[PDB]
Amino acid sequence: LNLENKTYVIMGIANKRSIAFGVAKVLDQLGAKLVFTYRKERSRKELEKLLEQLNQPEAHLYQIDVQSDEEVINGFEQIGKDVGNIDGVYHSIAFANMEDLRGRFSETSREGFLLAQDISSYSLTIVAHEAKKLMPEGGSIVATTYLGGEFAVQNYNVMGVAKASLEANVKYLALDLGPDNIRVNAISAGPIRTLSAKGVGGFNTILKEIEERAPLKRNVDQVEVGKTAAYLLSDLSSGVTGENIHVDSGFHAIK
Amino acid sequence: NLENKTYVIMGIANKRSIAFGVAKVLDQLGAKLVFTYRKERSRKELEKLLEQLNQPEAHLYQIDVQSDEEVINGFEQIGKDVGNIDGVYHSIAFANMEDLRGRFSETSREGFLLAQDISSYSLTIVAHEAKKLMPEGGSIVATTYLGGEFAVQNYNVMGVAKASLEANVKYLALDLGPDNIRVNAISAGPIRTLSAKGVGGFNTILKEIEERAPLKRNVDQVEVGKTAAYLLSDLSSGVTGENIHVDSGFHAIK
Ligand SMILES: NC(=O)c1ccc[n+]([C@@H]2O[C@H](COP(=O)([O-])OP(=O)(O)OC[C@H]3O[C@@H](n4cnc5c(N)ncnc54)[C@H](OP(=O)(O)O)[C@@H]3O)[C@@H](O)[C@H]2O)c1
Ligand SMILES: NC(=O)c1ccc[n+]([C@@H]2O[C@H](COP(=O)([O-])OP(=O)(O)OC[C@H]3O[C@@H](n4cnc5c(N)ncnc54)[C@H](OP(=O)(O)O)[C@@H]3O)[C@@H](O)[C@H]2O)c1
Ligand SMILES: COc1ccc(Cn2cnc3cc4c(cc32)CCCC4)cc1C
Ligand SMILES: COc1ccc(Cn2cnc3cc4c(cc32)CCCC4)cc1C
């Protein structure tokens, strides 16, 4: 058990209900130095207010759009020279056009397919590459995924293929970065009412099903993901890599 | 935290047992520990091994999982001596060595059923009885091996018993979920224990892991203990029916 003198980069807080914010609250209580990245200016405004944290220099805010190689390379170069070398990265970034989830999968356009792949899956590969440069003693990289990457889930469509890609990405990164003592894992979170759940019709229906069918008979929240994230980002998960942990009330395990 | 938590640890034979790695960790976390044993020889080891911080504790109970009476009576005594419990670490397995040496199609009925009985059904009765001592919920964790998911050479009847145990974990998870009891499995990589010391060419497979696994090294007992600490605590709050591999990433390759 450490975290006291350790440094973590959290990527993908948009508002107060972001999964990544749940992660931040947990790691902050354990006393970690946190570094944040954001894409939208609106997310920067939210980050500054959300620094209801115990973090001393409420700085460490970097603009990084993972579509640009330039921004991720420059972004992580800037982190290293401002903060020093890090101990881990939490990846909480995904995107698909809403029209592709409404929405007949066989109708998915090439550009719509590649966009989701680019931001939801490849982003991990490039972030891991840049993050490695700042982990000379090793570390831990965690990505957020969903059950739709393993099974065909209604409406999830193109994001499901992006998640499947991301999960395999985790495994191939684990094999490659293992010799450097960098562990790569995933969290498969259950459904949570977040900014990304906006636009998705019948979202209450799927939360209703979890409540009624999952072993625990209740939905999960951001901080539960955060506690498993803390387990994965620390030396408590020392012998664990290439793994996908379901924080979903056991829903993965049923019919 | 864990200072006001009590865990039952089943399956310590000696210093190298995976379950002693678990105890080691939980004890450092300030937990009160209850141990179960089958052999009198294992009880003597337990008393030496208690280089823990469990002060005038020595919570030791003889439980042979083959006996319904011994497990029911065992947990009734635990409940009487400690009150309520917060979790169980299950680390018991057995099979006749003849079945591993050893063509799988030649497995006898007695061998098959004995390995199922001790390695798999044991979790079911323990869970039922341990539930009686978990009014507000808790966490049960079982040790499994990758041989349960894939056909591993010479693992044979134990692989079938591990596959049975993995499903057992999932069905208990669905069953005990509403009682606020989580149940999970740890899939440990190969470790030099008393049981493994019975399998020929065990050094060969440890050499294989060291060369093939992502982390390019073997795991030890305390590493399984750390993940167990995670699974037994409220840090794994929404995690149940899961199988976590502590095996240097060997599960994820070729
Ligand atoms: N919500 C759920 O039910 C659920 C369930 C399982 C898994 N997940 C996964 O959890 C992760 C977090 O999502 P969330 O639910 O917390 O919703 P969210 O707060 O909207 O998170 C998505 C984040 O990704 C960022 N992002 C999108 N495109 C980007 C780009 N090109 N460059 C950099 N950042 C970009 C967004 O930043 P901007 O808004 O600033 O663009 C946003 O902060 C996602 O990977 C999602 O797939 C969610
Ligand atoms: N070693 C490995 O490479 C490895 C890898 C992955 C998983 N595992 C699993 O981890 C678990 C722990 O085994 P280990 O490797 O630590 O070997 P171990 O030290 O020999 O532990 C085996 C324990 O099972 C107990 N046991 C056997 N039959 C029993 C019965 N009928 N009733 C009650 N207890 C009984 C033994 O108790 P007595 O000595 O008192 O009879 C012993 O304490 C096993 O489930 C094994 O399948 C081991
Ligand atoms: C019923 O199926 C679902 C179950 C959960 C979700 C929530 N969700 C999980 N990962 C997501 C990624 C994105 C969105 C929603 C997401 C929105 C656009 C950006 C990427 C969505 C559907 C469709
Ligand atoms: C790659 O093959 C292997 C890898 C690990 C092992 C060690 N091992 C794991 N679970 C076990 C259960 C038992 C034994 C050995 C066991 C012996 C006594 C009965 C219970 C064995 C083989 C064969």
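You'll find the structure just up there.
Below you will find a few notes about this structure. (Residues numbered from 1 in each chain as written, not as in the entry; some residues may be left out. Chains lettered and ligands numbered in written order. Heavy atoms only, no water.)

**As for the site of ligand 3**
Residues and elements named next belong to chain A. The environment of ligand 3 is made up of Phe95, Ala96, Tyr146, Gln154, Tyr156, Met159, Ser196 and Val200. One of the backbone nitrogen or oxygen atoms of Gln154 is found 3.3 Å away from an oxygen atom of ligand 3. In the environment of ligand 3, a nitrogen atom lies 2.9 Å from a nitrogen or oxygen atom belonging to the side chain of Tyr156. Among the residues forming the shell around ligand 3, the class breakdown is 6 nonpolar, 2 polar and no charged. (Near = heavy atom within 4 Å. Polar contact = N/O pair within 3.5 Å; in protein donor to acceptor, adjacent residues only side chain to side chain. Nonpolar A, V, L, I, M, F, W, Y, C, P; charged D, E, K, R; others polar.)

**Comments concerning the pattern of salt bridges**
All names here are of chain B. Counted under the stated rule, the structure contains 13 salt bridges over all chains. Where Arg43 meets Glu47, a salt bridge forms, and the shortest distance between an N and an O atom there is 3.5 Å. Here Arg43 pairs with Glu47, and both are found in helix α2 (residues 40–49), just 4 residues apart, close to one helical turn. Its salt-bridge partner being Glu223, residue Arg217 comes within 2.7 Å of it at the nearest N-O pair. One continuous salt-bridge network, built from bridges that share partners, spans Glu40, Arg43 and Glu47. (Salt bridge = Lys/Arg side-chain N within 4 Å of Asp/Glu carboxyl O. Helix = DSSP H or I, 4+ residues; strand = E, 2+ residues; numbered from the N terminus.)

**Focus: the site of ligand 2**
Residue and element names in this part refer to chain B. Lining the immediate environment of ligand 2, one finds 28 residues, of which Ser17, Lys39, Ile191, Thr193 and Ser195 sit closest. Note that an oxygen atom of ligand 2 is positioned 2.9 Å from one of the backbone N or O atoms of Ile18. A distance of 2.8 Å separates an oxygen atom of ligand 2 from a polar atom in the side chain of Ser42. Placement of ligand 2 is best described as lying within the second largest pocket. By residue class, the composition of the shell around ligand 2 is 14 nonpolar, 10 polar and 4 charged. (1 Å grid on protein atoms, 1.4 Å probe; cavity = no way out; pocket = protein on both sides within 12 Å on 5 of 7 lines; lining within 4 Å. Sits in = over half its atoms within 2 Å of the grid points.)

**Structural notes on the environment of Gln67 of chain A**
All names here are of chain A. Structurally, the position occupied by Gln67 is in the loop between β3 (61–63) and α3 (69–83). For the pair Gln67 and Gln78, spaced 11 residues apart in sequence, the C-alpha to C-alpha distance is 18 Å. Setting aside its immediate chain neighbours within four residues, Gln67 contacts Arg39, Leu115, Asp118 and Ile119. (Contact = heavy atoms within 4.5 Å.)

**Focus: the interface of chain B and chain A**
The interface is formed by 37 residues belonging to chain B together with 36 residues belonging to chain A. There are 0 salt bridges connecting chain B and chain A. At the junction of chain B with chain A, the criterion picks out 16 residue pairs in polar contact. Elements with a contribution of two residues or more to the side of chain B that touches chain A: α5 (157–176), α7 (221–232) and β7 (243–246) of chain B. Looking at the side of chain B that touches chain A residue by residue, the class counts come to 14 nonpolar, 13 polar and 10 charged.

**Comments concerning the packing of aromatic side chains**
Scanning all chains against the criterion turns up 3 aromatic pairs over all chains. Judged by centre distance (3.7 Å) and plane angle (5 degrees), the rings of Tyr231 of chain A and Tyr230 of chain B are stacked. Of this pair, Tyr231 of chain A sits in helix α7 (residues 222–233) while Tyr230 of chain B sits in helix α7, on two different chains. Looking at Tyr230 of chain B, the relative accessible area reads 0%, which means it is buried. Across the ring face of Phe95 of chain A, the terminal group of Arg39 of chain A is positioned such that the distance to the ring centre comes to 5.6 Å. The ring of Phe94 of chain B is capped by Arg38 of chain B, whose NZ or CZ atom sits 5.7 Å from the centre of that ring. (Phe/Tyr/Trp six-rings, centres within 6.5 Å; stacked < 30°, edge-to-face > 60°. Buried < 20%, exposed > 50% of the residue type's maximum accessible area, 1.4 Å probe, protein only. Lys NZ or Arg CZ within 6 Å of the ring centre and 35° of its normal.)

Limitation: the analysis is restricted to geometry and does not speak to function.
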